[PDB]
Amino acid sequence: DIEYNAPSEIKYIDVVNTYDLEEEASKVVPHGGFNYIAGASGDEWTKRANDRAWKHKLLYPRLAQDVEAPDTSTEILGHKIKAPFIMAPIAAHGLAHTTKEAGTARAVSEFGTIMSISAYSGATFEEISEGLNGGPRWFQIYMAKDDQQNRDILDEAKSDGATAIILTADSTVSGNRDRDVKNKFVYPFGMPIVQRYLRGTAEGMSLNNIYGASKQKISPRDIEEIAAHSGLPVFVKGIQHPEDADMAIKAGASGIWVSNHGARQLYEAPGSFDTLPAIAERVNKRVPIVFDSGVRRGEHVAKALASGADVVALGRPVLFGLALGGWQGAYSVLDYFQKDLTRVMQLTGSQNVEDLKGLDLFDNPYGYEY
């Protein structure tokens, strides 16, 4: 019986930059829930590495490129989207706002991109569907120890309009998240979307014990099985080593999702962006690549595409915007990324999004302190 008082205000916000939104959202979100969202593993040195990796590869300004009115629109697996970013799957939007995942979904569908719905969302998929208003959605799952539980949840996703499946596999056990331990934080909501399918070790499960209850012993046959049952495109999420990309494709994955889980999993690992080129090279344009874990600016969207990604996923900045203004606050953030990217396209000489994929990047061996 835990009291949780999330903000409920709905409103547009001014976004000068997304970094300032973290301090701003701290003032309106309960301490434990805010720090669950903002924190990462150990020292949080790898979360800083996710941010600072963007300074390793620098953009060139380009002059007399015959560019005017850049077009940020793109296409992924047949989905026409307004900008080359989507919403990453996160199950804890209820910590940021009372409208939970329905608030984000509405912002994302109004904006005109893809909403990734974690199966373990605190919002009911009737609250969420109203938010989406017909909009494209993907479903994120953990592998469960029970095969029937897996079939049922996959069926549930398809029945809920899902057009791809995201299997997050970098999470077989939890990362060592010092804020959450120190704050003795307990996630207060349930999982309405999948509660009726929970079997065995997943019985009575929440986000509090989800890592241990789910499947540790994931292998490539799991990727194949999931793909076979659903028949929807499968993204394998959490990839940081290029060998795992080879494996995922050989296993029948329809996309590669480069991520370190916002640095909330393995500690003393590289910043996610540093891992991307090796992965893109191994993929060799075989399947679409989504990249996340550290995206905060339009320069970062540009850098990632230039480095081999097709689209990027946004996380924390959108949740901070949702805390600050509900669906409209989240929308303000997506609007921000869109306008930010179109300036960067103009100044780097990119007419459209495919042009971004071919930018020259300046190598900065000096790193952050320069």
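For every residue, the number given is its place in the sequence shown, counted from 1.
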Report the stretch with the higher mean CA temperature factor, choosing between 212-220 and 226-234 on the basis of the entry. 226-234
Please compare 190-198 with 177-185 and say which has the higher mean C-alpha temperature factor in the record. 190-198
Largest Cα B-factor, entry values, listed residues 288, 242, 131, 94: 131
Specify which of 89, 255, 78, 270 carries the largest Cα B factor in the deposited PDB entry. 78
Taking the values exactly as deposited, rank residue 85 by C-alpha B-factor within its chain and report the matching third: lowest, middle or highest. lowest
When the deposited Cα B-factors of this chain's modelled residues are ordered and cut into thirds, is residue 10 in the lowest, the middle or the highest one? highest
Cα B factor band for residue 122 (lowest, middle or highest third within the chain): highest
Is the Cα B-factor recorded for residue 300 in the lowest, middle or highest third of its chain? lowest
Residue 100: CA temperature factor from the record, placed by chain third, in the middle
